[PDB]
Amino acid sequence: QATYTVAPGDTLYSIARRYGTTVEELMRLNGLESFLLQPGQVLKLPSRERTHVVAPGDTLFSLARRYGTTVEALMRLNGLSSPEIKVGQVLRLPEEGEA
């Protein structure tokens, strides 16, 4: 069970984007009803997601932001020959140490 300790200025959103998860998942996992956090608060983190099925409207930029990584990592991991992507494509996502 990975955790993250809240620092001044952190929000559920900024933490979610850094770790490649969502506000709703952080709240579900930690039983939160409020966006109010205090420095020192320990938050349980979800496991890294392993794959994403590409949907209409997705782009490598947007998926890099969603999963806390980079276009470059997503391209390398999936052997992509250009920065464009296809509906239905299954993209492998980075592990914690390589995002």
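All residue numbers refer to positions in the sequence shown, first residue = 1.
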On average, are the C-alpha B-factors higher in 2-10 or in 90-98?
90-98
Ranked by mean Cα B-factor in the entry, 47-55 and 34-42, top stretch is 47-55
When the deposited Cα B-factors of this chain's modelled residues are ordered and cut into thirds, is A16 in the lowest, the middle or the highest one?
lowest
Of the three thirds of its chain by CA temperature factor, lowest, middle or highest, which one includes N78?
middle
